[PDB]
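To start, the structure itself, in structure tokens.
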Amino acid sequence: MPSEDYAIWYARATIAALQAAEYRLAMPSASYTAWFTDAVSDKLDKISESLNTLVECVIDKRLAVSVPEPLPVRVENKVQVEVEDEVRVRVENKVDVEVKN
Amino acid sequence: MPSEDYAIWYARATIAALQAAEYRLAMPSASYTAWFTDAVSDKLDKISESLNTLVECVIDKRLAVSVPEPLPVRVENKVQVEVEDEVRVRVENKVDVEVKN
Amino acid sequence: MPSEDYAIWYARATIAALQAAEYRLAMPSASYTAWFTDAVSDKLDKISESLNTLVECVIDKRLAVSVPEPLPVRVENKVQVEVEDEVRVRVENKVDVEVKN
Amino acid sequence: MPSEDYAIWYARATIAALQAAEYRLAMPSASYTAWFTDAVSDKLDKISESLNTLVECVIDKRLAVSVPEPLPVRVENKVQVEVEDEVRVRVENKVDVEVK
Amino acid sequence: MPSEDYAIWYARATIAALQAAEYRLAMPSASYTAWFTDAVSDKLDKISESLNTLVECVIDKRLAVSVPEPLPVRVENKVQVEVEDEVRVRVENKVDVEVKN
């Protein structure tokens, strides 16, 4: 029943108005926030929980770590030592001696 | 088509209405959610999956680490040592002796 | 009511107009921004803060770590040593001697 | 040229209908997705890629690390040792001997 | 001014059209992008910046770490050593000798 001329103008004028305006979001519906919680927020909570588990290892601005024990090592240098016991020895060569008695 | 005065009224009144309202989002379309899943949610899953792998290394607030085995070390101090075996020796000097015979 | 023909036209024309337009978001309302900050922004702050605690441990492109100390180690190689002080010894064998006087 | 009553009604009724409806988002325009990619998705990619570089270091639930080598250490205890070579010695004292 | 029957039909029909349609987002207003930059993007940037600092420590698929130097260790095993210098010794016992002259 609306004339074609009016119907044409209505569609064109309504599209022009919709595009001229800007849209202020309200609080979303519960259906949107449920979706968004699954798509984003719950995943952020899991990421934050995992990060926290790692950061609880930080003490005094150092990350506490654990290594196998005892830790296998190779000493690469010549070490100065102090011998604490009397040592049993086997003399292997013929020794020059000065008799003092 | 309606008069210019009517068209001007309609454009202004409709824009005014669109901007006076606030908009409550519903569940998005399947097309929007598929796009958003690729743009955001799937990437959050990969981030969470990578963090999970790191956090599996944590036990009692210490991060388990691995170093080369065996680890090359350099001993910096003078070490007290206890010699446990008999030692073969070569006497390099002429020795003063007292004969107890 | 208006005509059933007019009503069908109006539904089709209005949906077609709404779907032909594109929608420019303004700054959201206070209701939305409060929800969004709780759903996203505050969780990002929490993540950022935890990460900063970890990254504070990084010094000049190395992560500072703490290991139990003194660390138990097991030395796997034969170590060169230097004996600095006089060692007390006990000769275990009969020594061949050349008397020089 | 609508009547004033109609103009007043149309403003109030249109606001009411807009507030009562809920709005289903379609696939966004290319302009929106281009902007959103810059604002969000590209930064998520950078974050994910940085995390992967760190997580490649994880081997069987341990983080592979590197320390300066050789690692400087201080031995805190007295060490039992086994001498494995013949030792050149210089005798310092006058030795008591029993002949043959 | 319209009749109540029209007014009621218009409200019901317009809500029905608004809910039957779906909405294609254009590029958002400057107001929106400025708010969104503060609420999300700038926080992502800080997260990425902090993560970059940690990942700079990765070299050849290992994380570079620092421990206190020198690190205190406890040697748990008996160590084989090679003495490298001449050793001054004091003979503590009476030595049996075979005179070879």
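In the structure tokens, chains take the letters A, B, ... in the order shown, each chain's residues start at 1, and ligands count up from 1 in the order shown.
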
Next on the checklist: Just want the 10 Å neighbourhood of residue 69 (chain D), counted on only C-alpha atoms, with same-chain residues fewer than 6 positions away dropped. Output as a list in words.
Outcome noted: residues 76 of chain A; 71, 72, 73 and 74 of chain B

Checklist entry - Which of chain E counts as strand (DSSP E or B) under DSSP, as a ChimeraX atom specification please? => result /E:22-25,58-59,62-66,71-75,79-83,87-91,95-99

Could you produce a table of the residues of chain D lying within 12 Å of chain C, with the nearest pair of atoms per residue and their separation in Å rounded to one decimal, using only C-alpha atoms, ordered by chain and increasing residue number, as a Markdown table?
| residue | atom | partner | partner_atom | distance |
| --- | --- | --- | --- | --- |
| D:23 | CA | C:18 | CA | 10.9 |
| D:24 | CA | C:19 | CA | 10.9 |
| D:25 | CA | C:23 | CA | 10.0 |
| D:26 | CA | C:19 | CA | 9.0 |
| D:27 | CA | C:22 | CA | 10.9 |
| D:28 | CA | C:22 | CA | 8.7 |
| D:29 | CA | C:22 | CA | 7.6 |
| D:30 | CA | C:22 | CA | 10.9 |
| D:31 | CA | C:22 | CA | 10.4 |
| D:32 | CA | C:24 | CA | 9.4 |
| D:65 | CA | C:63 | CA | 9.5 |
| D:66 | CA | C:62 | CA | 9.2 |
| D:67 | CA | C:62 | CA | 9.2 |
| D:68 | CA | C:62 | CA | 10.4 |
| D:73 | CA | C:71 | CA | 9.7 |
| D:74 | CA | C:70 | CA | 9.0 |
| D:75 | CA | C:70 | CA | 8.6 |
| D:76 | CA | C:70 | CA | 7.4 |
| D:77 | CA | C:70 | CA | 9.7 |
| D:79 | CA | C:75 | CA | 10.6 |
| D:80 | CA | C:75 | CA | 11.4 |
| D:81 | CA | C:79 | CA | 9.6 |
| D:82 | CA | C:78 | CA | 9.3 |
| D:83 | CA | C:78 | CA | 9.3 |
| D:84 | CA | C:78 | CA | 8.5 |
| D:85 | CA | C:80 | CA | 10.2 |
| D:87 | CA | C:83 | CA | 10.4 |
| D:88 | CA | C:83 | CA | 11.2 |
| D:89 | CA | C:87 | CA | 9.6 |
| D:90 | CA | C:86 | CA | 9.4 |
| D:91 | CA | C:86 | CA | 9.4 |
| D:92 | CA | C:86 | CA | 8.5 |
| D:93 | CA | C:88 | CA | 10.4 |
| D:95 | CA | C:91 | CA | 10.5 |
| D:96 | CA | C:91 | CA | 11.2 |
| D:97 | CA | C:95 | CA | 9.5 |
| D:98 | CA | C:94 | CA | 9.5 |
| D:99 | CA | C:94 | CA | 9.4 |
| D:100 | CA | C:94 | CA | 8.6 |

For the residues in that selection, give me C-alpha atoms as a compact mmCIF listing (two decimals), in the first residue's frame.
# COMPACT_ATOMS: atom_id res chain seq x y z
CA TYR D 23 21.48 -6.15 18.72
CA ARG D 24 23.07 -9.11 16.93
CA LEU D 25 26.50 -8.27 15.46
CA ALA D 26 27.16 -9.43 11.90
CA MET D 27 30.56 -10.04 10.36
CA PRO D 28 32.24 -6.62 10.77
CA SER D 29 33.19 -4.43 7.82
CA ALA D 30 36.67 -4.74 6.34
CA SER D 31 37.46 -1.31 7.84
CA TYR D 32 36.55 -2.56 11.32
CA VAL D 65 69.15 -22.69 30.94
CA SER D 66 72.70 -21.46 30.33
CA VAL D 67 75.15 -20.25 32.97
CA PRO D 68 78.56 -18.60 32.42
CA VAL D 73 82.31 -21.94 42.59
CA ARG D 74 83.59 -22.01 46.17
CA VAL D 75 84.03 -25.42 47.79
CA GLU D 76 82.71 -25.18 51.35
CA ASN D 77 83.76 -28.60 52.72
CA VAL D 79 87.26 -33.06 50.24
CA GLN D 80 88.50 -36.66 50.27
CA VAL D 81 90.92 -37.17 47.39
CA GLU D 82 92.80 -39.96 45.64
CA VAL D 83 96.19 -38.97 44.20
CA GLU D 84 96.65 -40.68 40.83
CA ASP D 85 100.16 -39.63 39.72
CA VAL D 87 104.51 -36.88 43.04
CA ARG D 88 107.89 -35.17 42.92
CA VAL D 89 108.85 -34.33 46.51
CA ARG D 90 111.57 -32.38 48.28
CA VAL D 91 112.44 -33.73 51.73
CA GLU D 92 112.87 -30.85 54.16
CA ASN D 93 114.01 -32.48 57.41
CA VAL D 95 115.60 -38.27 58.33
CA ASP D 96 116.20 -41.05 60.84
CA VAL D 97 117.24 -44.21 58.98
CA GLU D 98 117.81 -47.86 59.88
CA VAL D 99 120.39 -49.44 57.57
CA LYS D 100 119.79 -52.79 55.86

Next on the checklist: Please identify all residues of chain E having at least one atom at most 6 Å from any atom of chain C, considering only C-alpha atoms, and return them as a VMD selection string.
Outcome noted: chain E and resid 5 to 6 17 21 24 to 26 28 to 29 31 to 32 39 47 56 to 57 64 to 67 72 to 77 80 to 85 88 to 93 96 to 101

Checklist entry - Which RMSD value, in Å, follows from superposing chain A onto chain E on all C-alpha atoms in order by least squares? => result 1.6 Å

Item to check | Atom pair CA of residue 16 (chain D) / CA of residue 34 (chain A): separation (Å) | outcome: 25.3 Å

Checklist entry - Hey, what does DSSP flag as helix (DSSP H, G or I) within chain B? Can you give it to me as a PyMOL selection string? => result chain B and resi 4-20+30-55
